[PDB]
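Working notes, structure below.
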Amino acid sequence: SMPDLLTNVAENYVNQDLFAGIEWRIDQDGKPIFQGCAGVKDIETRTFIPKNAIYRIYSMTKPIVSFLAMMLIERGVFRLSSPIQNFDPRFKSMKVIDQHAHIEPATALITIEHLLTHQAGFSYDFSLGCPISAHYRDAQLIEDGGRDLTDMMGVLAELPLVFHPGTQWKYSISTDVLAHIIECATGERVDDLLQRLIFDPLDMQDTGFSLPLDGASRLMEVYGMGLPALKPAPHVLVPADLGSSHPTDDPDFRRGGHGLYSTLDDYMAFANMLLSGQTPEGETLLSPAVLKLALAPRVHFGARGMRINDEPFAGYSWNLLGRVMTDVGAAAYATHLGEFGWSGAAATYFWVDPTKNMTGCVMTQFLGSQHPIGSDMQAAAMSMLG
Amino acid sequence: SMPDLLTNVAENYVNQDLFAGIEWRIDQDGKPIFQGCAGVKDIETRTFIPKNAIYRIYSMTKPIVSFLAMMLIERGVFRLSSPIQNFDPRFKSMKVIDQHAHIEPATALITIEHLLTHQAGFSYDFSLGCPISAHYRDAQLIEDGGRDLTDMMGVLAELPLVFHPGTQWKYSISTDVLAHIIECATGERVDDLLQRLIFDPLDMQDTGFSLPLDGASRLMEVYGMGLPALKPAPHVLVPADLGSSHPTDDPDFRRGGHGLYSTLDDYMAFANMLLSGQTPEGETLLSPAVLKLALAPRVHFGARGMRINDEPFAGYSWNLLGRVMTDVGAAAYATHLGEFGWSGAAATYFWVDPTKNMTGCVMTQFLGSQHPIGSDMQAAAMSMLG
Amino acid sequence: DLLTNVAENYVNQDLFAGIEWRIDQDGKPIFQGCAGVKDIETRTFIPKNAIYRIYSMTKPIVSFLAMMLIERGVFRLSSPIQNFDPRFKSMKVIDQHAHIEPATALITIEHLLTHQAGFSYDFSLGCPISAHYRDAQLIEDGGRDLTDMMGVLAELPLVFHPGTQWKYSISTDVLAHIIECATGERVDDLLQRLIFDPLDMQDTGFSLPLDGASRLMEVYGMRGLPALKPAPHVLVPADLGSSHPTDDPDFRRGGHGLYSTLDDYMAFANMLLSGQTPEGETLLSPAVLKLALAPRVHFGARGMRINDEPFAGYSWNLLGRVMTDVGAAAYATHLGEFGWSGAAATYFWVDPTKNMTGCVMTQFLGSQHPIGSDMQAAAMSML
Amino acid sequence: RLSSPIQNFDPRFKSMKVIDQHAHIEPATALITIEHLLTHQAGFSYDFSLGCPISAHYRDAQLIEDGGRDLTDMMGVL
């Protein structure tokens with residue numbers, strides 16, 4: 001008897017000229033229970049959202065690459081404690097910089113676990129106030145999408161970290177490092193590994209670093225507004241300029257922390273899989289023991305809690321794949337203990353809620369959103385599911 | 001439908017010339033579910049691993065002697081709070097040394113519990129950077145295997161501890177002290193007590209401080225490389241020189257922390273027993289209440305966690321028998337809450353996992369291993385068992 | 001003659017093109033010399049009354065002007081700067097975790113003089129705000145009027161709450177600007193009337209004298225993205241872009257930008273021994289001079305540091321560094337020795353216990369060698 | 001000068017490591033200077049230091065014992 005709060009949230013966002021087009025699906029027990037769409041592909045022509053619409057998922061790439069890493073751990077390729085310098089010696093002899101201009105040698109080696117937990121000491125180009133992000137931007141680590149992953153890593157490896165590995169948490173480019181170390185450890189490319197081990201088994205036929213052959217007409221327009229801003233830009237539906245960060249048809253483009261195109265249907269296949277570690281037919285992608293290892297809360301936060309560019313993730317801890325709800329009494333929106341997942345910079349969002357055998361995903365394209373659509377849609381779904 | 005990851009790990013280790021020969025068995029509900037062997041007895045002749053192959057188990061001696069102590073506690077011989085000086089007055093008036101050359105009287109008495117928990121303040125001959133290990137080496141505590149346990153204890157008793165009893169944790173020679181105090185308290189020899197109370201009831205016919213009569217041909221060769229090294233020696237299969245630390249046929253040789261020979265089959269009998277405190281026929285070796293007392297997490301660690309010679313045991317606490325997993329979200333390899341067990345210096349490893357009614361043991365002979373074979377095999381078994 | 005040996009070795013090792021020094025005691029020269037050339041390209045000798053870009057040796061001059069204005073009642077140490085320019089109302093503070101919040105204290109004149117206002121500097125490595133300074137071209141755009149530069153700066157966050165920490169900064173430029181607001185006069189005119197003319201410093205100013213082109217020393221060094229490691233110390237001419245014009249009539253700043261000579265700077269240094277001209281005219285009373293020289297900022301474990309470079313045993317007063325612990329010092333000095341230095345390796349000191357002043361003039365940006373301190377040490381050892 | 005890093009004069013003193021009483025070794029986070037040598041704040045020890053995390057290694061190396069070894073060679077070992 002609960003009304004469709006999901007449609008209400010999405011329709012209100014579209015009617016208020018805040019998002020061009022939105023799709024969502026909530027599954028329970030691996031089957032759709034709520035779904036919908038609102039708005040259009042692009043406001044310029046008001047073309048309808050195509051069937052199998054394609055989205056730039058940005059950091060919803062991270063749980064996928066992290067899951068691949070867990071598969072490779074299970075298969076014995078490396079372990080959580082593996083020092084990354086054993087696979088790429090460019091990461092030997094790291095340095096650490098601080099906000100007082102002091103540089104010193106790193107006193108701990110960066111491990112696979114540090115990459116998965118964002119405790120390696122890396123930063124991100126867009127990090128406001130960061131002691132090193134200016135050097136990332138100078139180096140065009142994120143901006144230069146045409147640079148091969150392997151070559152970008154050589155440039156990153158020469159830069160200092162912003163804390164000693166293992167000692168702090170900061171959301172970072174470490175997932176890109178992870179994708180690179182995966183290539184070093186396996187002698188295979190990360191895009192090929194993702195295809196064979198995850199995408200093909202889950203029938204995620206539209207997911208990858210380049211557009212599918214029939215993909216151009218299905219690509220959703222991205223909206224929203226270098227030097228990190230001191231205040232948010234106005235939330236206005238103007239098409240976004242991506243420069244050369246996110247090519248549509250570059251065969252060698254591959255990353256760990258962003259860069260995938262996907263669809264609502266494909267991402268739901270991945271999210272549903274995370275409830276069990278199995279494909280719907282029962283093929284095991286990751287054993288229950290290693291899935292538990294991956295989902296267990298691993299980084300706990302103090303006062304201030306988990307923050308990214310000072311934005312809060314209230315009641316969340318970090319596990320090897322992304323956020324995990326560890327205190328409903330600290331949470332800022334409806335959830336259950338153990339709810340996990342992640343999100344992307346263009347406002348795509350997903351969650352998995354093992355207590356309700358529930359998964360949800362919201363797909364839209366807005367960079368620099370001032371409205372937390374993902375959390376609003378999660379809260380709506382939670383309210384609809386008893 | 002999981003593949004045999006255990007055989008894969010073991011075969012890869014043998015094929016990579018890292019270990020000469022490996023045996024393993026994983027039991028569930030007291031019956032073998034996975035087992036195998038890889039490699040050879042010795043690489044010099046490539047003699048096949050004999051049936052009932054014998055291994056030097058080193059500190060896998062400690063859980064056995066600790067279990068004996070718990071049996072003696074149950075039987076009223078002594079208690080956890082018993083001061084050891086009540087049984088051997090040579091341990092009266094202990095002193096404590098620090099890294100600043102300062103020596104002072106100990107402000108707490110060493111108890112049975114301190115010995116079982118490595119909180120007594122003892123160290124070990126091979127401890128790098130230790131304020132007292134140089135004096136242990138001068139005294140040849142571990143090296144002089146031909147010295148009677150009772151006499152070695154007289155030499156140890158004259159040396160200072162490295163902290164006040166009960167105040168810190170450091171992995172140590174305290175299990176040897178425990179074996180000695182057991183002899184003082186009972187008026188019996190520790191090898192005889194182990195034979196009567198543990199080995200014979202569990203039919204561990206090949207376990208003891210000297211080789212069985214038909215044991216010489218069954219003894220696995222030991223490989224790998226005094227002054228504690230500042231960096232690991234290269235991991236290379238060269239036969240190890242044991243000096244006079246580990247005699248094969250000395251009738252008075254007995255210790256608490258090392259020195260036992262055993263077999264995969266015998267050690268699995270001991271490990272399976274730890275699931276219940278009973279023999280397979282139902283004889284109670286230790287009551288459920290005292291078993292619970294022995295297994296409950298007893299020493300908890302701060303930042304840095306549990307470490308031995310600065311090597312981590314991530315997510316582990318210490319109980320009266322060895323390690324116990326207390327945080328899967330801190331663990332570095334697959335496990336479940338409450339998984340417990342220990343390991344030896346020649347890379348033998350075992351675990352007990354009450355959540356899965358599971359036990360596992362890996363037997364091999366490599367001193368100074370740079371590859372954590374025990375944890376790799378545990379992780380493989382965990383991944384194979386849902 | 002340890003001073004000559006140090007300077008000649010520096011020249012002979014191709015580390016500095018040309019160096020001049022003078023050390024006075026009781027207002028008269030006791031040691032002096034020069035080594036090297038004006039420019040390595042033509043090997044012209046160092047000219048009579050050679051002109052140097054003194055960079056942050058501008059700061060003690062502008063700070064001294066502020067003390068004169070305090071004495072004359074224009075403002076006081078506790079004056080909130082927002083009372084003079086409301087663009088500095090409602091400041092914000094940024095941290096290394098991207099957190100921004102309102103400042104919980106007002107910036108005062110004292111904060112500007114002590115670098116405790118929360119400002120930073122464009123070239124500050126690892127700074128939470130220096131990227132925004134560089135984007136704004138605060139130092140780079142020398143052609144921009146001081147008054148307009150301040151408007152751009154005022155919109156940026158501080159890096160700590162005023163009064164709560166120390167960080168060497170652009171605050172002296174803010175001070176020059178606030179002096180203009182408070183007096184209704186230009187800082188260059190004020191400096192001319194109150195300091196330069198009374199001390200006969202006729203070659204000191206923000207523009208070159210009319211006959212000054214042939215007297216200007218060449219500036220060397222590779223040292224605006226802050227370097228992670230020093231550039232090699234090699235004598236290549238420096239490109240100053242538009243940061244440091246020679247003939248802009250409106251160019252004026254508080255923290256850098258002055259041209260001066262060895263002789264002019266020694267006149268200023270000698271004056272700081274007493275607050276008087278050599279003739280006995282008072283520029284600053286003994287009481288306010290004491291207030292200005294007293295150690296005011298004391299440092300913790302790391303000591304005083306600028307871009308992580310140490311100033312061992314030094315505390316900060318209203319004009320610059322002051323030696324407060326000879327047993328912590330890294331080079332010969334005495335308790336109470338004070339002074340400052342500039343980015344092109346110019347250096348001076350005043351040592352009251354010895355009635356001694358010293359100045360070393362050279363032009364090298366990004367030096368890997370502490371020429372100024374080496375020369376002070378040499379001079380101290382020659383006493 | 002007091003602040004001179006000693007590695008500028010002998011590069012064998014580049015990339016020093018630091019050991020503790022818990023067997024932990026990590027890279028030194030500061031360069032050894034002339035002042036550190038004069039003040040015994042460089043982090044060196046002595047062969048006869050009781051309870052020291054490194055003095056056993058000094059004794060093994062015979063730093064003080066081997067007086068016949070040239071100073072220059074002794075330093076390479078240290």
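We label chains A, B, ... in the order they appear in the structure tokens, count residues from 1 in each chain, and number ligands from 1 in the order shown.
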
How close does chain C get to chain D? List, as CSV, each residue of chain C within 12 Å, its nearest atom pair and the distance in Å to one decimal, counting only C-alpha atoms.
residue,atom,partner,partner_atom,distance
C:309,CA,D:3,CA,11.0
C:310,CA,D:3,CA,9.6
C:311,CA,D:3,CA,10.8
C:312,CA,D:3,CA,9.6
C:327,CA,D:39,CA,11.2
C:328,CA,D:35,CA,10.2
C:329,CA,D:2,CA,9.0
C:330,CA,D:2,CA,5.7
C:331,CA,D:2,CA,7.1
C:332,CA,D:2,CA,10.2
C:368,CA,D:4,CA,11.6
C:369,CA,D:4,CA,10.3
C:370,CA,D:1,CA,10.0
C:371,CA,D:1,CA,11.6
C:373,CA,D:1,CA,10.0
C:374,CA,D:1,CA,8.4
C:375,CA,D:1,CA,11.9
C:377,CA,D:1,CA,9.7
C:378,CA,D:1,CA,11.4

File of the preceding selection, N, CA, C and O atoms, as a short mmCIF file (atom, residue, chain, number, x, y, z; two decimals), in the first residue's frame:
data_model
loop_
_atom_site.label_atom_id
_atom_site.label_comp_id
_atom_site.auth_asym_id
_atom_site.auth_seq_id
_atom_site.Cartn_x
_atom_site.Cartn_y
_atom_site.Cartn_z
N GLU C 309 62.22 24.59 4.84
CA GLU C 309 63.61 24.99 5.10
C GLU C 309 63.71 25.58 6.50
O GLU C 309 62.88 26.40 6.88
N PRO C 310 64.72 25.15 7.29
CA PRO C 310 64.77 25.58 8.68
C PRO C 310 65.44 26.93 8.92
O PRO C 310 66.33 27.35 8.16
N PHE C 311 64.99 27.58 9.98
CA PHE C 311 65.66 28.76 10.52
C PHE C 311 65.95 28.47 11.98
O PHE C 311 65.20 28.85 12.88
N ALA C 312 67.05 27.74 12.20
CA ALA C 312 67.32 27.09 13.47
C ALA C 312 67.66 28.09 14.58
O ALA C 312 68.54 28.94 14.41
N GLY C 327 72.23 27.99 21.22
CA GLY C 327 72.44 26.55 21.30
C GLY C 327 71.61 25.72 20.33
O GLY C 327 71.82 24.52 20.20
N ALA C 328 70.64 26.35 19.67
CA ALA C 328 69.89 25.70 18.60
C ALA C 328 70.34 26.18 17.21
O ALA C 328 69.92 25.61 16.20
N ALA C 329 71.17 27.22 17.17
CA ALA C 329 71.53 27.89 15.90
C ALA C 329 72.41 27.01 15.03
O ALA C 329 73.21 26.21 15.56
N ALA C 330 72.26 27.15 13.71
CA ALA C 330 73.02 26.33 12.76
C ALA C 330 74.26 27.05 12.24
O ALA C 330 75.06 26.48 11.48
N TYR C 331 74.40 28.31 12.63
CA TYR C 331 75.55 29.12 12.20
C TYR C 331 75.78 30.25 13.17
O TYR C 331 74.86 30.67 13.86
N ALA C 332 77.02 30.73 13.22
CA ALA C 332 77.44 31.71 14.22
C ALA C 332 76.54 32.94 14.29
O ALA C 332 76.17 33.52 13.25
N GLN C 368 70.68 26.58 -3.89
CA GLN C 368 70.93 25.37 -3.09
C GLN C 368 72.05 25.57 -2.06
O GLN C 368 72.49 24.61 -1.40
N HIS C 369 72.52 26.81 -1.93
CA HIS C 369 73.64 27.13 -1.06
C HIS C 369 73.32 28.37 -0.23
O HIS C 369 72.97 29.42 -0.80
N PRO C 370 73.46 28.27 1.10
CA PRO C 370 73.06 29.36 1.98
C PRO C 370 74.15 30.43 2.10
O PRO C 370 74.78 30.59 3.15
N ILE C 371 74.35 31.16 1.00
CA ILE C 371 75.42 32.16 0.93
C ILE C 371 75.30 33.20 2.03
O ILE C 371 76.29 33.53 2.67
N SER C 373 73.92 33.06 5.07
CA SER C 373 74.32 32.55 6.38
C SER C 373 75.82 32.24 6.46
O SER C 373 76.44 32.45 7.50
N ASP C 374 76.39 31.77 5.36
CA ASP C 374 77.83 31.47 5.29
C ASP C 374 78.63 32.75 5.49
O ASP C 374 79.68 32.76 6.16
N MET C 375 78.14 33.85 4.91
CA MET C 375 78.83 35.13 5.06
C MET C 375 78.64 35.71 6.46
O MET C 375 79.59 36.23 7.05
N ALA C 377 78.32 33.94 9.12
CA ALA C 377 79.19 33.12 9.96
C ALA C 377 80.64 33.58 9.83
O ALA C 377 81.34 33.73 10.84
N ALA C 378 81.06 33.82 8.59
CA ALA C 378 82.42 34.30 8.34
C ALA C 378 82.67 35.62 9.07
O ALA C 378 83.69 35.76 9.76
#

* Skip residue 222 (chain A) itself and residues of its chain fewer than 3 positions away, then list as a VMD selection string all residues within 8 Å of it, counting only C-alpha atoms. => chain A and resid 239 to 240 346 365 to 367

Using the selection just defined, write its residues with N, CA, C and O atoms as a compact mmCIF listing (two decimals), in the first residue's frame.
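Dumped everything to again.txt:
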# COMPACT_ATOMS: atom_id res chain seq x y z
N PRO A 239 25.02 20.97 -21.38
CA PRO A 239 25.84 19.81 -21.74
C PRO A 239 27.28 19.96 -21.24
O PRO A 239 27.85 21.06 -21.29
N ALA A 240 27.85 18.87 -20.74
CA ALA A 240 29.19 18.89 -20.17
C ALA A 240 30.26 18.67 -21.24
O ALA A 240 30.06 17.88 -22.17
N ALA A 346 28.91 11.19 -12.34
CA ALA A 346 27.77 11.68 -13.14
C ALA A 346 26.43 11.30 -12.51
O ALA A 346 25.38 11.28 -13.19
N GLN A 365 22.84 11.21 -15.94
CA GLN A 365 24.13 11.82 -16.33
C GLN A 365 24.15 13.29 -15.94
O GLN A 365 23.67 14.16 -16.69
N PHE A 366 24.68 13.55 -14.75
CA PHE A 366 24.89 14.92 -14.31
C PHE A 366 26.17 15.03 -13.48
O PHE A 366 26.28 14.42 -12.42
N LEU A 367 27.12 15.82 -13.98
CA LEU A 367 28.39 16.05 -13.29
C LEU A 367 28.31 17.25 -12.37
O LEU A 367 27.85 18.33 -12.77

* Hey, what's within 7 Å of residue 211 (chain A) if we count only C-alpha atoms and toss same-chain stuff fewer than 4 positions away? As a list in words, please? -> residues 215, 216, 248, 249 and 261 of chain A

Expected file contents, prior selection, N, CA, C and O atoms, as a PDB file, in the first residue's frame:
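New file part29.pdb:
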ATOM      1  N   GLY A 215      26.121   1.629 -30.373  1.00  0.00           N
ATOM      2  CA  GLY A 215      26.031   2.373 -29.118  1.00  0.00           C
ATOM      3  C   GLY A 215      25.825   3.866 -29.209  1.00  0.00           C
ATOM      4  O   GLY A 215      25.291   4.468 -28.281  1.00  0.00           O
ATOM      5  N   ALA A 216      26.248   4.473 -30.318  1.00  0.00           N
ATOM      6  CA  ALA A 216      26.240   5.938 -30.450  1.00  0.00           C
ATOM      7  C   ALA A 216      24.858   6.562 -30.233  1.00  0.00           C
ATOM      8  O   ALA A 216      24.735   7.589 -29.552  1.00  0.00           O
ATOM      9  N   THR A 248      35.052   7.579 -26.644  1.00  0.00           N
ATOM     10  CA  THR A 248      33.969   6.654 -26.942  1.00  0.00           C
ATOM     11  C   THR A 248      34.446   5.452 -27.756  1.00  0.00           C
ATOM     12  O   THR A 248      33.832   4.391 -27.709  1.00  0.00           O
ATOM     13  N   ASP A 249      35.547   5.622 -28.489  1.00  0.00           N
ATOM     14  CA  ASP A 249      35.991   4.603 -29.438  1.00  0.00           C
ATOM     15  C   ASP A 249      37.511   4.374 -29.485  1.00  0.00           C
ATOM     16  O   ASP A 249      38.083   4.126 -30.557  1.00  0.00           O
ATOM     17  N   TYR A 261      31.495   2.379 -19.872  1.00  0.00           N
ATOM     18  CA  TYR A 261      30.100   2.601 -20.263  1.00  0.00           C
ATOM     19  C   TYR A 261      29.325   1.383 -19.823  1.00  0.00           C
ATOM     20  O   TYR A 261      29.840   0.259 -19.859  1.00  0.00           O
TER      21      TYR A 261
END

* Near residue 26 (chain D), counting only C-alpha atoms, which residues have an atom at most 6 Å away, once you skip same-chain residues fewer than 6 positions from it, shown as a PyMOL selection string? -> (chain A and resi 107) or (chain D and resi 17-18)

* **12 Å contact set for region 50-63 of chain D, only C-alpha atoms, chain neighbours under 6 positions out, as a ChimeraX atom specification** => /B:96-103,126-135,137-138,160-162,226-230 /D:17-25,43-44,69-78

* Got a sec: who's within 7 Å of residue 159 (chain C), counting only C-alpha atoms, leaving out chain neighbours fewer than 4 positions off, as a list in words? ->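 Close residues of residue 159 (chain C): residues 93, 94, 95, 118, 119, 128 and 129 of chain C.
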
Now that the selection is made, can you save its residues with N, CA and C atoms as a PDB file, in the first residue's frame?
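Just written: result_11.pdb:
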ATOM      1  N   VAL C  93      38.182  29.857   5.825  1.00  0.00           N
ATOM      2  CA  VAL C  93      39.409  29.096   6.074  1.00  0.00           C
ATOM      3  C   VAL C  93      39.256  27.739   5.410  1.00  0.00           C
ATOM      4  N   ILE C  94      40.267  27.329   4.637  1.00  0.00           N
ATOM      5  CA  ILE C  94      40.279  26.027   3.969  1.00  0.00           C
ATOM      6  C   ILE C  94      41.319  25.133   4.639  1.00  0.00           C
ATOM      7  N   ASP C  95      41.074  23.823   4.618  1.00  0.00           N
ATOM      8  CA  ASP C  95      42.059  22.855   5.091  1.00  0.00           C
ATOM      9  C   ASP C  95      42.420  21.811   4.035  1.00  0.00           C
ATOM     10  N   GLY C 118      46.946  33.837   8.365  1.00  0.00           N
ATOM     11  CA  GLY C 118      46.367  32.737   7.585  1.00  0.00           C
ATOM     12  C   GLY C 118      46.534  32.804   6.079  1.00  0.00           C
ATOM     13  N   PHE C 119      47.188  33.854   5.590  1.00  0.00           N
ATOM     14  CA  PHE C 119      47.490  33.899   4.181  1.00  0.00           C
ATOM     15  C   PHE C 119      48.598  32.904   3.862  1.00  0.00           C
ATOM     16  N   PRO C 128      47.194  24.076   0.913  1.00  0.00           N
ATOM     17  CA  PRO C 128      45.807  23.888   0.502  1.00  0.00           C
ATOM     18  C   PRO C 128      45.246  24.982  -0.409  1.00  0.00           C
ATOM     19  N   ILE C 129      45.856  26.170  -0.446  1.00  0.00           N
ATOM     20  CA  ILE C 129      45.323  27.250  -1.293  1.00  0.00           C
ATOM     21  C   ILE C 129      46.280  27.823  -2.365  1.00  0.00           C
TER      22      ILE C 129
END

Can you build me a table of chain C residues sitting at most 7 Å from chain A, with the closest atom pair per residue and its distance in Å to one decimal, using only C-alpha atoms, sorted by chain and residue number, as a tab-separated table?
residue	atom	partner	partner_atom	distance
C:95	CA	A:129	CA	6.2
C:96	CA	A:129	CA	4.6
C:97	CA	A:129	CA	6.3
C:98	CA	A:128	CA	4.9
C:99	CA	A:310	CA	5.4
C:125	CA	A:101	CA	4.9
C:126	CA	A:131	CA	3.7
C:127	CA	A:99	CA	5.3
C:128	CA	A:129	CA	3.8
C:129	CA	A:129	CA	6.1
C:131	CA	A:134	CA	6.7
C:307	CA	A:101	CA	5.1
C:308	CA	A:102	CA	5.3

Take the selection from the previous step and output its residues with N, CA and C atoms, as a compact mmCIF listing (two decimals), in the first residue's frame.
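Saved file selection.txt follows:
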# COMPACT_ATOMS: atom_id res chain seq x y z
N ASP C 95 41.07 23.82 4.62
CA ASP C 95 42.06 22.85 5.09
C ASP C 95 42.42 21.81 4.03
N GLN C 96 43.39 20.95 4.37
CA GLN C 96 43.92 19.95 3.44
C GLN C 96 42.95 18.82 3.17
N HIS C 97 41.82 18.83 3.87
CA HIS C 97 40.76 17.85 3.65
C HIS C 97 39.58 18.43 2.87
N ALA C 98 39.80 19.54 2.16
CA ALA C 98 38.77 20.22 1.34
C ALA C 98 37.66 20.89 2.16
N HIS C 99 37.85 20.96 3.47
CA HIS C 99 36.84 21.58 4.34
C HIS C 99 37.02 23.08 4.40
N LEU C 125 54.71 25.06 -1.64
CA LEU C 125 54.54 23.63 -1.99
C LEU C 125 53.61 22.92 -1.01
N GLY C 126 52.62 22.19 -1.54
CA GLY C 126 51.74 21.37 -0.70
C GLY C 126 50.63 22.13 0.01
N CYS C 127 50.55 23.44 -0.25
CA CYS C 127 49.59 24.33 0.41
C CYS C 127 48.15 24.07 -0.04
N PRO C 128 47.19 24.08 0.91
CA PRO C 128 45.81 23.89 0.50
C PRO C 128 45.25 24.98 -0.41
N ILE C 129 45.86 26.17 -0.45
CA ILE C 129 45.32 27.25 -1.29
C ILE C 129 46.28 27.82 -2.36
N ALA C 131 47.54 26.83 -5.09
CA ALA C 131 47.09 26.63 -6.49
C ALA C 131 46.13 27.74 -6.93
N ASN C 307 58.66 26.63 3.50
CA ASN C 307 58.74 25.57 2.50
C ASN C 307 59.64 24.43 3.00
N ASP C 308 59.52 24.16 4.30
CA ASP C 308 60.26 23.11 5.00
C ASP C 308 61.76 23.39 5.20

* Hey, what's within 9 Å of region 110-115 of chain A if we count only C-alpha atoms and toss same-chain stuff fewer than 6 positions away? As a list in words, please? ->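 The neighbour list is residues 69, 78, 79, 80, 81, 82, 83, 84, 85, 91, 94, 121, 122, 164, 165, 166, 172, 173, 174, 175, 176, 177, 178, 181 and 320 of chain A; 332 of chain B.
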
* Structure fact -> One decimal place gives the CA of residue 246 (chain C)-CA of residue 150 (chain C) separation as 21.6 Å

* To do: Would you kindly report the residues of chain D within 8 Å of chain A, using only C-alpha atoms, as a list in words?
  =>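 Within 8 Å of chain A on chain D, we get residues 26, 27, 28, 29 and 30 of chain D.
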
* To do: Dump as a list in words the residues of chain B that approach chain A to within 8 Å, counting only C-alpha atoms.
  =>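 So the contacting residues turn out to be residues 1, 2, 5, 9, 328, 329, 330, 331, 332, 333, 334, 335, 336, 376, 379, 380, 382, 383, 384 and 386 of chain B.
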
* **Point-to-point distance in Å for CA of residue 26 (chain B) and CA of residue 190 (chain B)** =>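 Rounded to one decimal, the two atoms are 29.2 Å apart.
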
* **Secondary structure check, alpha helix (DSSP H) residues of region 132-360 of chain C, as a ChimeraX atom specification** => /C:132-136,146-154,171-183,187-191,262-271,286-293

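Relative to CA of residue 375 (chain B), CA of residue 315 (chain B) is found at 13.2 Å.
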